[PDB]
$ cat protein.tsv   # TSV, C-alpha atoms and all ligand atoms
chain	number	residue	atom	x	y	z
A	1	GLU	CA	-14.40	15.95	-15.83
A	2	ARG	CA	-11.09	17.85	-15.75
A	3	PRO	CA	-10.98	20.76	-13.27
A	4	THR	CA	-9.63	24.22	-14.05
A	5	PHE	CA	-6.02	24.71	-12.93
A	6	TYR	CA	-4.34	27.95	-11.86
A	7	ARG	CA	-0.64	28.85	-11.60
A	8	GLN	CA	1.41	30.24	-8.71
A	9	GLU	CA	5.12	30.48	-7.83
A	10	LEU	CA	5.74	29.06	-4.34
A	11	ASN	CA	8.85	26.91	-3.72
A	12	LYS	CA	10.77	28.61	-6.57
A	13	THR	CA	8.77	26.39	-8.95
A	14	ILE	CA	5.47	27.10	-10.71
A	15	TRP	CA	2.72	25.16	-8.93
A	16	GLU	CA	-0.31	24.42	-11.11
A	17	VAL	CA	-3.24	23.15	-9.02
A	18	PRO	CA	-7.05	22.74	-9.36
A	19	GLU	CA	-9.17	25.72	-8.26
A	20	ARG	CA	-10.58	23.74	-5.32
A	21	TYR	CA	-7.20	24.19	-3.56
A	22	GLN	CA	-6.80	27.67	-2.08
A	23	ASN	CA	-4.42	29.61	0.18
A	24	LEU	CA	-1.34	27.55	-0.70
A	25	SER	CA	1.55	28.22	1.68
A	26	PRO	CA	4.88	26.34	2.04
A	27	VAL	CA	5.29	24.29	5.24
A	28	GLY	CA	8.12	22.50	7.06
A	29	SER	CA	10.83	24.75	5.54
A	30	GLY	CA	12.15	22.04	3.21
A	31	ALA	CA	11.93	19.19	5.75
A	32	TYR	CA	8.95	17.49	4.07
A	33	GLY	CA	10.07	18.19	0.50
A	34	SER	CA	8.17	20.57	-1.75
A	35	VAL	CA	5.02	20.65	0.40
A	36	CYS	CA	2.34	23.33	0.69
A	37	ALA	CA	-0.50	23.68	3.17
A	38	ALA	CA	-3.83	24.51	1.52
A	39	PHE	CA	-7.57	24.67	2.09
A	40	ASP	CA	-9.61	22.19	0.05
A	41	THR	CA	-12.86	24.04	-0.67
A	42	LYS	CA	-14.44	20.84	-2.02
A	43	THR	CA	-14.14	18.86	1.24
A	44	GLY	CA	-13.53	21.58	3.83
A	45	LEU	CA	-10.28	19.88	4.84
A	46	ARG	CA	-6.96	21.53	5.54
A	47	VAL	CA	-4.59	19.62	3.27
A	48	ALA	CA	-0.89	19.11	2.55
A	49	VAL	CA	0.02	19.19	-1.15
A	50	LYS	CA	3.33	17.63	-2.22
A	51	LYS	CA	4.81	18.39	-5.65
A	52	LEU	CA	7.32	15.71	-6.70
A	53	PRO	CA	10.01	12.70	-10.97
A	54	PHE	CA	11.13	10.80	-14.09
A	55	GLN	CA	14.74	12.04	-14.25
A	56	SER	CA	16.21	8.51	-14.12
A	57	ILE	CA	15.14	4.85	-13.85
A	58	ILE	CA	15.67	4.99	-10.05
A	59	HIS	CA	13.67	8.24	-9.76
A	60	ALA	CA	10.80	7.05	-12.00
A	61	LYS	CA	10.53	3.76	-10.07
A	62	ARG	CA	10.58	5.66	-6.75
A	63	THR	CA	7.80	7.95	-8.05
A	64	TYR	CA	5.73	4.91	-9.02
A	65	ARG	CA	6.51	3.26	-5.64
A	66	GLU	CA	5.37	6.28	-3.61
A	67	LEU	CA	2.13	6.62	-5.60
A	68	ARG	CA	1.39	2.88	-5.30
A	69	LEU	CA	2.03	2.94	-1.52
A	70	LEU	CA	-0.06	6.08	-0.88
A	71	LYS	CA	-2.94	4.81	-3.07
A	72	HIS	CA	-3.08	1.55	-1.08
A	73	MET	CA	-3.10	2.99	2.45
A	74	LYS	CA	-6.63	3.41	3.78
A	75	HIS	CA	-6.43	3.57	7.58
A	76	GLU	CA	-7.09	6.23	10.27
A	77	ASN	CA	-3.51	6.02	11.58
A	78	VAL	CA	-1.72	5.98	8.22
A	79	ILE	CA	-1.21	8.90	5.80
A	80	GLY	CA	-3.32	8.20	2.72
A	81	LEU	CA	-4.28	9.90	-0.50
A	82	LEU	CA	-7.11	12.42	-0.63
A	83	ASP	CA	-6.22	13.36	-4.22
A	84	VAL	CA	-3.54	13.02	-6.88
A	85	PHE	CA	-3.40	15.20	-9.99
A	86	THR	CA	-1.33	16.44	-12.90
A	87	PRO	CA	-2.01	19.54	-15.06
A	88	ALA	CA	-0.96	17.42	-18.05
A	89	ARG	CA	-3.71	16.43	-20.49
A	90	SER	CA	-1.79	13.45	-21.92
A	91	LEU	CA	1.05	11.00	-21.22
A	92	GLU	CA	3.41	12.95	-23.53
A	93	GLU	CA	3.19	16.22	-21.56
A	94	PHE	CA	3.00	14.38	-18.20
A	95	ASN	CA	5.99	15.47	-16.09
A	96	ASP	CA	4.60	16.54	-12.69
A	97	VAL	CA	2.85	14.64	-9.89
A	98	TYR	CA	0.98	16.34	-7.05
A	99	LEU	CA	-0.05	14.36	-3.96
A	100	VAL	CA	-2.70	15.54	-1.48
A	101	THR	CA	-3.23	14.35	2.10
A	102	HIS	CA	-4.50	15.64	5.47
A	103	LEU	CA	-2.68	18.60	6.99
A	104	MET	CA	-1.54	17.51	10.46
A	105	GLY	CA	-0.76	19.79	13.43
A	106	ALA	CA	2.65	18.70	14.69
A	107	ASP	CA	5.06	15.75	14.66
A	108	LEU	CA	5.99	13.74	17.79
A	109	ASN	CA	9.19	15.80	18.24
A	110	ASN	CA	7.07	18.91	18.79
A	111	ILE	CA	5.24	17.01	21.54
A	112	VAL	CA	8.04	15.34	23.56
A	113	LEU	CA	3.27	13.41	28.48
A	114	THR	CA	1.32	11.39	31.04
A	115	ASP	CA	1.22	7.58	30.94
A	116	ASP	CA	-2.32	7.91	29.53
A	117	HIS	CA	-1.03	10.04	26.65
A	118	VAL	CA	1.78	7.55	25.94
A	119	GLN	CA	-0.73	4.64	25.94
A	120	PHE	CA	-2.87	6.47	23.37
A	121	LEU	CA	-0.03	7.57	21.06
A	122	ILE	CA	1.75	4.19	21.04
A	123	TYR	CA	-1.60	2.40	20.61
A	124	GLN	CA	-2.26	4.41	17.42
A	125	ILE	CA	1.25	3.78	16.03
A	126	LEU	CA	0.81	0.04	16.65
A	127	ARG	CA	-2.71	0.11	15.16
A	128	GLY	CA	-1.32	1.76	12.01
A	129	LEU	CA	1.64	-0.65	12.00
A	130	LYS	CA	-0.63	-3.71	12.22
A	131	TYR	CA	-2.34	-2.39	9.08
A	132	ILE	CA	0.90	-1.59	7.20
A	133	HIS	CA	2.55	-4.92	8.14
A	134	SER	CA	-0.58	-6.88	7.10
A	135	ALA	CA	0.08	-5.70	3.52
A	136	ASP	CA	3.69	-6.96	3.74
A	137	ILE	CA	4.98	-3.39	3.83
A	138	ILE	CA	7.81	-2.39	6.17
A	139	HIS	CA	8.20	1.27	7.17
A	140	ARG	CA	11.99	0.95	7.74
A	141	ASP	CA	12.46	4.49	9.08
A	142	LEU	CA	9.94	5.11	11.87
A	143	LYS	CA	10.93	8.09	14.04
A	144	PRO	CA	9.18	10.96	15.91
A	145	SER	CA	9.49	13.26	12.85
A	146	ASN	CA	7.34	11.01	10.61
A	147	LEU	CA	4.61	10.58	13.21
A	148	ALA	CA	2.10	13.42	13.18
A	149	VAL	CA	-0.93	14.35	15.27
A	150	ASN	CA	-3.88	16.74	15.09
A	151	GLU	CA	-5.18	18.83	18.03
A	152	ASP	CA	-7.00	15.80	19.49
A	153	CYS	CA	-3.74	13.76	19.59
A	154	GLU	CA	-5.04	11.59	16.73
A	155	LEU	CA	-1.97	10.14	15.01
A	156	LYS	CA	-0.93	9.27	11.44
A	157	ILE	CA	2.22	7.54	10.16
A	158	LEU	CA	4.09	9.24	7.29
A	159	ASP	CA	6.91	8.14	4.91
A	160	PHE	CA	6.37	4.33	4.95
A	161	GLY	CA	8.31	2.22	2.43
A	162	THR	CA	22.44	8.71	2.29
A	163	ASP	CA	25.48	7.62	4.33
A	164	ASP	CA	26.25	11.23	5.28
A	165	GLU	CA	22.87	12.00	6.89
A	166	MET	CA	23.11	8.74	8.91
A	167	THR	CA	26.58	9.74	10.20
A	168	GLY	CA	27.36	11.05	13.69
A	169	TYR	CA	25.13	12.35	16.47
A	170	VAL	CA	21.92	12.31	14.40
A	171	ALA	CA	18.23	11.57	15.09
A	172	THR	CA	18.07	9.99	11.63
A	173	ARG	CA	19.83	6.89	13.07
A	174	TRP	CA	18.74	6.79	16.77
A	175	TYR	CA	15.53	4.80	16.09
A	176	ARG	CA	16.99	2.17	13.72
A	177	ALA	CA	17.15	-1.53	14.66
A	178	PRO	CA	20.77	-2.72	15.06
A	179	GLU	CA	20.37	-5.35	12.32
A	180	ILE	CA	19.49	-2.62	9.78
A	181	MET	CA	21.89	0.02	11.18
A	182	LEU	CA	24.79	-2.41	10.70
A	183	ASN	CA	23.40	-4.49	7.79
A	184	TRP	CA	23.53	-7.76	9.77
A	185	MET	CA	20.94	-9.67	7.74
A	186	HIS	CA	17.85	-9.58	5.52
A	187	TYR	CA	15.53	-7.87	8.01
A	188	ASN	CA	11.84	-8.31	8.84
A	189	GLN	CA	8.82	-6.19	9.86
A	190	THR	CA	9.87	-6.06	13.52
A	191	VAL	CA	12.59	-3.52	12.59
A	192	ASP	CA	9.61	-1.17	12.94
A	193	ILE	CA	8.85	-2.58	16.42
A	194	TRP	CA	12.40	-1.70	17.55
A	195	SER	CA	11.67	1.86	16.41
A	196	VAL	CA	8.36	1.92	18.37
A	197	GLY	CA	10.30	0.78	21.47
A	198	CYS	CA	12.77	3.66	21.03
A	199	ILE	CA	9.94	6.17	20.53
A	200	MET	CA	7.87	4.87	23.48
A	201	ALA	CA	10.90	5.06	25.81
A	202	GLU	CA	11.52	8.66	24.70
A	203	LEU	CA	7.83	9.58	25.27
A	204	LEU	CA	8.12	8.13	28.80
A	205	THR	CA	11.47	9.70	29.83
A	206	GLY	CA	11.59	12.79	27.61
A	207	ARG	CA	15.06	11.61	26.48
A	208	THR	CA	16.52	9.74	23.49
A	209	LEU	CA	16.99	6.08	24.40
A	210	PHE	CA	20.07	5.45	22.20
A	211	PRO	CA	21.61	8.87	21.36
A	212	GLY	CA	24.75	7.36	19.77
A	213	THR	CA	27.52	9.66	18.52
A	214	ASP	CA	28.05	7.25	15.60
A	215	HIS	CA	27.05	3.70	14.51
A	216	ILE	CA	29.50	1.98	16.90
A	217	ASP	CA	28.79	4.18	19.94
A	218	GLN	CA	25.07	3.55	19.28
A	219	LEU	CA	25.54	-0.22	19.06
A	220	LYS	CA	27.39	-0.07	22.41
A	221	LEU	CA	24.51	1.91	23.96
A	222	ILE	CA	22.08	-0.72	22.63
A	223	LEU	CA	24.07	-3.75	23.84
A	224	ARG	CA	24.52	-2.23	27.33
A	225	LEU	CA	20.72	-2.21	27.70
A	226	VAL	CA	19.67	-5.45	25.99
A	227	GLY	CA	22.87	-7.51	26.38
A	228	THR	CA	25.40	-8.84	23.88
A	229	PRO	CA	24.03	-11.44	21.41
A	230	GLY	CA	24.08	-15.15	22.20
A	231	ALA	CA	25.10	-18.08	19.99
A	232	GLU	CA	21.66	-18.38	18.37
A	233	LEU	CA	21.52	-14.77	17.15
A	234	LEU	CA	25.18	-14.75	16.05
A	235	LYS	CA	24.38	-17.66	13.72
A	236	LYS	CA	21.57	-15.60	12.12
A	237	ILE	CA	23.92	-12.70	11.31
A	238	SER	CA	24.69	-13.67	7.71
A	239	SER	CA	27.25	-10.86	7.45
A	240	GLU	CA	30.47	-12.71	8.37
A	241	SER	CA	32.30	-9.39	8.85
A	242	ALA	CA	29.62	-8.02	11.22
A	243	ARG	CA	29.38	-11.31	13.16
A	244	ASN	CA	33.17	-11.24	13.56
A	245	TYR	CA	33.13	-7.73	15.05
A	246	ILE	CA	30.30	-8.53	17.50
A	247	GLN	CA	32.30	-11.41	19.02
A	248	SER	CA	35.19	-9.02	19.75
A	249	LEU	CA	33.01	-7.20	22.29
A	250	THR	CA	33.13	-7.95	26.02
A	251	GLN	CA	29.94	-9.82	26.87
A	252	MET	CA	27.27	-7.92	28.81
A	253	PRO	CA	24.05	-9.12	30.44
A	254	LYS	CA	20.63	-7.55	29.74
A	255	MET	CA	19.91	-4.68	32.16
A	256	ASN	CA	16.91	-4.52	34.49
A	257	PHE	CA	14.43	-2.27	32.62
A	258	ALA	CA	12.70	-1.29	35.90
A	259	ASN	CA	15.98	0.33	36.97
A	260	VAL	CA	16.29	2.12	33.62
A	261	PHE	CA	12.69	3.38	33.39
A	262	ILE	CA	12.36	4.46	37.02
A	263	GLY	CA	8.78	5.15	38.11
A	264	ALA	CA	7.18	4.03	34.84
A	265	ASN	CA	4.02	1.92	34.58
A	266	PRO	CA	5.23	-1.70	35.13
A	267	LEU	CA	3.09	-2.71	32.13
A	268	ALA	CA	4.96	-0.16	29.98
A	269	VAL	CA	8.28	-1.61	31.20
A	270	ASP	CA	7.02	-5.10	30.31
A	271	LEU	CA	6.03	-4.02	26.80
A	272	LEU	CA	9.37	-2.26	26.25
A	273	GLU	CA	11.18	-5.49	27.23
A	274	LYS	CA	9.18	-7.32	24.54
A	275	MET	CA	9.83	-4.72	21.81
A	276	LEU	CA	13.52	-4.10	22.53
A	277	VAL	CA	14.77	-7.65	21.98
A	278	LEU	CA	18.01	-7.94	20.01
A	279	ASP	CA	16.91	-11.03	18.03
A	280	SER	CA	14.27	-9.74	15.58
A	281	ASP	CA	12.70	-13.22	15.33
A	282	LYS	CA	11.69	-12.88	18.98
A	283	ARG	CA	10.37	-9.30	19.06
A	284	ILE	CA	6.67	-8.76	19.74
A	285	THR	CA	4.61	-8.09	16.57
A	286	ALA	CA	2.20	-5.14	16.10
A	287	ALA	CA	-0.85	-7.44	16.40
A	288	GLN	CA	0.55	-9.03	19.59
A	289	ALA	CA	1.48	-5.65	21.13
A	290	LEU	CA	-2.09	-4.34	20.61
A	291	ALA	CA	-3.37	-7.16	22.86
A	292	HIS	CA	-0.84	-6.35	25.62
A	293	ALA	CA	-2.36	-5.28	28.97
A	294	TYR	CA	-0.79	-1.79	28.65
A	295	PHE	CA	-3.43	-0.89	26.02
A	296	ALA	CA	-6.43	-2.39	27.91
A	297	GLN	CA	-8.44	0.87	27.78
A	298	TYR	CA	-7.91	1.39	24.01
A	299	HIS	CA	-7.70	-2.16	22.60
A	300	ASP	CA	-10.60	-3.29	20.43
A	301	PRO	CA	-9.98	-6.39	18.25
A	302	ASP	CA	-12.99	-5.40	16.09
A	303	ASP	CA	-11.59	-1.89	15.51
A	304	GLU	CA	-8.02	-2.76	14.44
A	305	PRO	CA	-8.39	-3.43	10.69
A	306	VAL	CA	-5.95	-5.13	8.32
A	307	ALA	CA	-5.06	-4.10	4.77
A	308	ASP	CA	-6.28	-5.40	1.43
A	309	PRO	CA	-3.59	-7.43	-0.41
A	310	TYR	CA	-0.80	-5.25	-1.85
A	311	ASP	CA	0.82	-6.39	-5.11
A	312	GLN	CA	4.48	-5.34	-4.99
A	313	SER	CA	5.78	-7.61	-7.76
A	314	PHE	CA	6.87	-4.38	-9.52
A	315	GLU	CA	9.75	-4.15	-7.01
A	316	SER	CA	11.65	-7.06	-8.60
A	317	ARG	CA	10.89	-5.70	-12.08
A	318	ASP	CA	13.36	-3.85	-14.30
A	319	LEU	CA	11.75	-1.32	-16.66
A	320	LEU	CA	12.68	1.72	-18.77
A	321	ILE	CA	11.99	5.31	-17.66
A	322	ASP	CA	9.04	5.75	-20.06
A	323	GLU	CA	7.59	2.45	-18.84
A	324	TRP	CA	7.63	3.47	-15.14
A	325	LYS	CA	6.25	6.85	-16.28
A	326	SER	CA	3.38	5.20	-18.17
A	327	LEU	CA	2.61	2.99	-15.15
A	328	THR	CA	2.60	6.09	-12.91
A	329	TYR	CA	0.31	7.93	-15.37
A	330	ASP	CA	-2.17	5.02	-15.34
A	331	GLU	CA	-2.24	5.17	-11.52
A	332	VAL	CA	-2.89	8.96	-11.50
A	333	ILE	CA	-5.71	8.64	-14.07
A	334	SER	CA	-7.39	5.72	-12.27
A	335	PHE	CA	-7.45	7.37	-8.81
A	336	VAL	CA	-10.80	7.40	-7.02
A	337	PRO	CA	-11.19	9.81	-4.06
A	338	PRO	CA	-12.20	8.36	-0.65
A	339	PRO	CA	-15.92	8.35	0.29
A	401	LIG	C1	4.08	15.97	9.54
A	401	LIG	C2	3.43	17.62	9.78
A	401	LIG	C3	3.89	18.37	10.86
A	401	LIG	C4	3.40	19.66	11.07
A	401	LIG	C5	2.46	20.19	10.20
A	401	LIG	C6	2.00	19.44	9.12
A	401	LIG	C7	2.49	18.15	8.90
A	401	LIG	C8	1.96	17.38	7.73
A	401	LIG	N1	0.65	17.10	7.51
A	401	LIG	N2	0.50	16.37	6.31
A	401	LIG	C9	1.73	16.19	5.78
A	401	LIG	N3	2.05	15.54	4.64
A	401	LIG	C10	3.36	15.49	4.29
A	401	LIG	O1	3.72	14.84	3.14
A	401	LIG	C11	2.76	14.37	2.26
A	401	LIG	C12	2.51	13.01	2.16
A	401	LIG	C13	1.54	12.53	1.27
A	401	LIG	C14	0.82	13.44	0.49
A	401	LIG	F1	-0.13	13.01	-0.35
A	401	LIG	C15	1.06	14.81	0.60
A	401	LIG	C16	2.03	15.27	1.49
A	401	LIG	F2	2.26	16.59	1.58
A	401	LIG	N4	4.32	16.06	5.07
A	401	LIG	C17	4.02	16.71	6.21
A	401	LIG	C18	2.68	16.78	6.58

$ encode --input "protein.tsv" --output "structure tokens"
Amino acid sequence: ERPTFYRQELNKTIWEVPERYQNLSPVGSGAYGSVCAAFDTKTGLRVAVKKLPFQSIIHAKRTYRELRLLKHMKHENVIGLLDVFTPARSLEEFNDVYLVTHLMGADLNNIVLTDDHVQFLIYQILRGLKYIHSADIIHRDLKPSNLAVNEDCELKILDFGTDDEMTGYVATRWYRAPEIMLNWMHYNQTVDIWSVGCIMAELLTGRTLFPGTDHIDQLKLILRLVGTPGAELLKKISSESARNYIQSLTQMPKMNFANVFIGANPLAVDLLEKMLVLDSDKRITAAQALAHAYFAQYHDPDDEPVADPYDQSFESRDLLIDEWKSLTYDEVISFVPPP
């Protein structure tokens, strides 16, 4: 049965939410979008409520995409959907989408740690990533700011699935795999593993691994550590222009990671060497990384679940605004809360 909704001005828009949600207060000061913290009186959970959506074909498809992704994700280490609602009573008046998830304590930026803490945090990221990758979903933009923890350091991944904000000395680009940063090729799931390597290094040292002042400076930072590409990788760079530029660079050998990560657990150094490989074909996978000796005290093959199949055929589909809107409406209406 349809709950009673009440109205409140918050982020200079009128939020209309079910009575169960109380004490709504804006969080993140814009950083997360139009998001409010609230208390869910039905479940006793502190929740984050995001108000989004059908302004164009691209916007409507992106709205559908986000709802589909969030509805699929059912894993301890991945942000999932506690609720989704609209005050609209029919498809015709449907124009707002509200998404509800767990309210976390802080992101990984507001944390950066002992080796034991690093083990635990990276384990959880990899556990969540195994799940996400098993559904053929790539995050594409893993960074400390979309990794959040509660008070008990229990972690969840957020934001899975412009040129200006990627320009210059910016954290938005520091965690990106070189093949995606420079559009070398059609990339794979281990772009996310590169990101984990960058994050893990930063947890260990307290410092950004590749704090490039721009794309090129960052590539140079990367290649100084991992070496310039060999013949085999160059061949895989389908971008003739990008391949051409790479060959202009003075060749450099891979550095000794033990001399870069001075005093770190040798098993951590080993894992970093396996994650921070230039050739994405040869990077360690999430499933493989979980079985690495570094996570011996946390690893449990019976407690690292995979995802149900995820149908993303809609991605190659071209539809009208009202069609994406109708699809989105169906998904809102059919939502079943978690047990
Ligand atoms: C990342 C963080 C840092 C500090 C405090 C709270 C949070 C936080 N907890 N939950 C959060 N959810 C979001 O986005 C949503 C994602 C999916 C939703 F269904 C609803 C959302 F609001 N953004 C920040 C936080």

$ residues_near_ligand --input "protein.tsv" --ligand "ligand LIG 401 (chain A)" --cutoff "6 Å" --atoms "all atoms listed in the file" --output "PyMOL selection string"
chain A and resi 32+35+48-50+81+99-107+148

$ closest_residue --input "protein.tsv" --among "A:201, A:276, A:209, A:10" --to "residue 227 in chain A" --atoms "only C-alpha atoms"
A:276

$ residues_around --input "protein.tsv" --residues "residue 305 in chain A" --least-positions-apart "2" --cutoff "8 Å" --atoms "all atoms listed in the file" --output "VMD selection string"
chain A and resid 75 130 to 131 302 to 303 307

$ residues_around --input "protein.tsv" --residues "residue 248 in chain A" --least-positions-apart "5" --cutoff "12 Å" --atoms "all atoms listed in the file" --output "PyMOL selection string"
chain A and resi 228-229+241-243

$ closest_residue --input "protein.tsv" --among "A:7, A:42, A:235, A:143" --to "residue 108 in chain A" --atoms "all atoms listed in the file"
A:143

$ atom_distance --input "protein.tsv" --atom1 "CA of residue 250 in chain A" --atom2 "CA of residue 176 in chain A"
22.7 Å

$ closest_residue --input "protein.tsv" --among "A:179, A:93, A:323, A:19" --to "residue 39 in chain A" --atoms "only C-alpha atoms"
A:19

$ atom_distance --input "protein.tsv" --atom1 "CA of residue 204 in chain A" --atom2 "CA of residue 127 in chain A"
19.2 Å

$ closest_residue --input "protein.tsv" --among "A:217, A:273, A:304, A:322" --to "residue 287 in chain A" --atoms "all atoms listed in the file"
A:304

$ decode --input "protein.tsv" --residues "range 215-280 of chain A" --atoms "C-alpha atoms" --output "tab-separated table (two decimals), in the first residue's frame"
chain	number	residue	atom	x	y	z
A	215	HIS	CA	47.66	13.68	-18.16
A	216	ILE	CA	51.22	13.67	-19.56
A	217	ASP	CA	53.02	14.39	-16.28
A	218	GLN	CA	50.92	11.58	-14.74
A	219	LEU	CA	51.81	9.13	-17.52
A	220	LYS	CA	55.50	9.96	-16.92
A	221	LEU	CA	55.08	9.32	-13.17
A	222	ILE	CA	53.44	5.97	-14.00
A	223	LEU	CA	56.08	4.86	-16.53
A	224	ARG	CA	58.95	5.77	-14.16
A	225	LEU	CA	57.54	3.24	-11.66
A	226	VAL	CA	56.34	0.40	-13.90
A	227	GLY	CA	58.60	0.91	-16.94
A	228	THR	CA	57.88	1.95	-20.53
A	229	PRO	CA	55.73	-0.51	-22.54
A	230	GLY	CA	57.29	-3.35	-24.52
A	231	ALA	CA	56.51	-4.53	-28.05
A	232	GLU	CA	53.63	-6.77	-26.95
A	233	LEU	CA	51.69	-4.01	-25.17
A	234	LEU	CA	52.38	-1.44	-27.92
A	235	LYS	CA	50.68	-3.79	-30.40
A	236	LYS	CA	47.57	-3.87	-28.17
A	237	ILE	CA	47.26	-0.07	-28.15
A	238	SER	CA	44.72	0.25	-30.98
A	239	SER	CA	45.01	4.05	-30.89
A	240	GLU	CA	47.68	4.66	-33.56
A	241	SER	CA	48.15	8.24	-32.34
A	242	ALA	CA	48.67	7.15	-28.70
A	243	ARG	CA	50.99	4.28	-29.69
A	244	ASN	CA	53.03	6.76	-31.75
A	245	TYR	CA	53.49	9.12	-28.79
A	246	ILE	CA	54.52	6.32	-26.40
A	247	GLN	CA	57.39	5.26	-28.69
A	248	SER	CA	58.77	8.83	-28.58
A	249	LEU	CA	59.57	8.38	-24.88
A	250	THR	CA	63.01	7.37	-23.61
A	251	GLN	CA	62.73	3.76	-22.45
A	252	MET	CA	62.77	3.14	-18.70
A	253	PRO	CA	63.00	-0.09	-16.71
A	254	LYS	CA	60.50	-1.07	-13.99
A	255	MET	CA	61.60	0.23	-10.57
A	256	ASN	CA	62.22	-1.95	-7.51
A	257	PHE	CA	58.97	-1.65	-5.50
A	258	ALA	CA	60.79	-2.52	-2.24
A	259	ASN	CA	62.83	0.67	-2.70
A	260	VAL	CA	59.66	2.69	-3.37
A	261	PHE	CA	57.55	1.30	-0.51
A	262	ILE	CA	60.29	1.35	2.13
A	263	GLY	CA	59.46	-0.64	5.27
A	264	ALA	CA	56.18	-2.04	3.95
A	265	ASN	CA	55.01	-5.64	4.40
A	266	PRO	CA	56.86	-7.61	1.65
A	267	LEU	CA	53.54	-9.33	0.86
A	268	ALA	CA	51.95	-5.90	0.29
A	269	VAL	CA	54.83	-4.98	-2.05
A	270	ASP	CA	54.29	-8.26	-3.91
A	271	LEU	CA	50.56	-7.60	-4.33
A	272	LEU	CA	51.19	-4.02	-5.52
A	273	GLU	CA	53.60	-5.38	-8.17
A	274	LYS	CA	50.79	-7.65	-9.42
A	275	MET	CA	48.13	-4.90	-9.49
A	276	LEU	CA	50.28	-2.13	-10.99
A	277	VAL	CA	51.18	-3.85	-14.26
A	278	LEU	CA	51.01	-1.67	-17.36
A	279	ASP	CA	49.52	-4.39	-19.60
A	280	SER	CA	45.91	-4.80	-18.37
